[PDB]
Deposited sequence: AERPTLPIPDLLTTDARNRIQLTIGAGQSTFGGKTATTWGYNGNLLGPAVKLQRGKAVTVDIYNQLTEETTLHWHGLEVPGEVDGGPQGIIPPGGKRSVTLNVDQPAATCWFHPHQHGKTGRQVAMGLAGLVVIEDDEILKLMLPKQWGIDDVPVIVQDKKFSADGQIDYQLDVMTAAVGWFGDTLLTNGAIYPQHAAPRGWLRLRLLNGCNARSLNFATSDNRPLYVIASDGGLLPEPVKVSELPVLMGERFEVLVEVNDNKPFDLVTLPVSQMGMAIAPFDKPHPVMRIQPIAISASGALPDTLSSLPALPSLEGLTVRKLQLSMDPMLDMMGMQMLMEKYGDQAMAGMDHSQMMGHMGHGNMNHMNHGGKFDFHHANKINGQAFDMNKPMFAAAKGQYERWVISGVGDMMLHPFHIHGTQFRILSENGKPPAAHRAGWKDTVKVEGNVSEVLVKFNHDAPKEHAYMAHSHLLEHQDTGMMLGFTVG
């Protein structure tokens, strides 16, 4: 069989009432010829790409047609807490909530997904995620590849695992609360190993790691380079050439890659050094999509300069906030031993060389920040508005991967896990790696968040977030 074409999310803009309609519902998808119940926005799986323009407001009407509560968070978008869609932004089953987004940040590829309390991992695993394309006046003057679905394509990469009857097999239990939910099947915009036909010249890929727990590392099958032009929060100052591109859960990068006649190539993901993530078929480079060149000229450019990146300010006198992540040692050991028992030594490939005792021992609140599992009723602190702060996030104490995400901002990384950030990670970010070490980021919050609709800060390894590794904070 030929490969299926890469599905392209619809690019959605407002109506004359300046509204975008999103319906959240359950439907059916097919994977490897077996049907599965899946959830989507405006469809059965995944979602559209909502297009936003800096300095323009849009209203989004969100209809929850599931039979359980959900929320909708705009990951990467800087909006007041009242419309941020964290766990307090409940949408009742069968109900509607509307939000007005006043877009006030540079061009970037952001995304949106559920943030239901304690259930975010399951609702993402069932299929809910969408995209956000922010444009501004500056980016259009660059004349980047811009034909949506032709030379400008989103690539949402996610793993799933399925039970024998075809259904998605999601369980939040001691082992996945320890190591994360991961599977053996890789999806690219919902499809297994699709092909994308691209014109000759530059192809722009907007990459999103939409996995619950798996980190990825993109490369090409014939070692042609990727030119990074943008990170989570928008353009870099100039392109950064890379041979491989690590992407943590919830992160985005946009890259340009050359397309040459007669020479198809794959986008692949290379094995990572993360517990559990190098079990077959991920013990070897794994294709994500085939790029099929078409002998029609692509008109996009890769300019020498993309944007201006301001200097870091002086750090003296800035408020320093400490965020100590932690896991329960007993439950970490129990979950890691179940992983080893199931898959054996391969569950640590690439790494450096039973009774009920009550609620005190419940894994659902085993993961914590500053000694507390997420308490929706008690924001941990009140951050300053319009002031830079230095947030120091420590994973010392365990060796699991914590891609740490802060709502309400695009920050600058000062230290990523004990080293200055790589050049393609030195621009605007909303995620920073923490793994066995300490990171420090420079953040500023331009919008208010009250206690009733607080901003979240958490690990984007969803099973850890859902089992307590999140805090709430207010701004203003």
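List in ascending order the stretches of the deposited sequence, numbered from 1, that lack C-alpha coordinates.
Residues lacking C-alpha coordinates: just 354-366.
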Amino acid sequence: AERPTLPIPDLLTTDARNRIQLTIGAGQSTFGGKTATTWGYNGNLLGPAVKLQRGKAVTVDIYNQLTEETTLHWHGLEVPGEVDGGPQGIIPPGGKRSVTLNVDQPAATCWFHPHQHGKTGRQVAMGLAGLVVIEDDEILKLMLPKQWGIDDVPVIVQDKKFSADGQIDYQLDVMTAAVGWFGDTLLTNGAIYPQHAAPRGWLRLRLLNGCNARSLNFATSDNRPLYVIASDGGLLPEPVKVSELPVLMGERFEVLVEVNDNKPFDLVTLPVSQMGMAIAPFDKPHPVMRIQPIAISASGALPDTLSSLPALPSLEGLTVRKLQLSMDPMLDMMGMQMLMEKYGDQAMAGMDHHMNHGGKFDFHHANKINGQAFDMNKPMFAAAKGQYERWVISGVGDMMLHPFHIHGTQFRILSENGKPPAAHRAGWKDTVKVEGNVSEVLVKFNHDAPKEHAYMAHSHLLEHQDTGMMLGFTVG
From here on, numbers count along this sequence of modelled residues.
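If you take the mean CA temperature factor per stretch, which one wins between 274-282 and 151-159?
Per the deposited B-factors, the answer is 274-282.
Which has the higher mean CA temperature factor in the PDB entry, 465-473 or 1-9?
Looking at the record's C-alpha B-factors, the answer is 1-9.
Highest Cα temperature factor in the entry, among the options 47, 408, 427, 450: which one is it?
Of 47, 408, 427, 450, 450 has the highest C-alpha B-factor.
Could you tell me which one of 231, 387, 189, 167 shows the highest CA temperature factor in the PDB record?
The C-alpha B-factor peaks, among 231, 387, 189, 167, at 387.
Relative to the other modelled residues of the same chain, rank the CA B-factor of residue 251 and answer lowest, middle or highest third.
Ranked within chain, residue 251 CA B lands in the lowest tercile.
Select lowest, middle or highest to describe the third in which the CA B-factor of residue 109 falls within its chain in this entry.
For residue 109, the deposited C-alpha B-factor lands in the lowest third.
Going by the recorded CA B-factors, say which third of the chain residue 97 sits in, lowest, middle or highest.
It belongs to the middle third of the chain when residues are ordered by C-alpha B-factor.
Based on the deposited C-alpha B factors for this chain, I'd like to know if residue 332 is in the lowest, middle or highest third.
Residue 332: CA B-factor falls in the highest third of its chain.
Residue 146's Cα B-factor: lowest, middle or highest third of the chain?
Ranked within chain, residue 146 CA B lands in the middle tercile.
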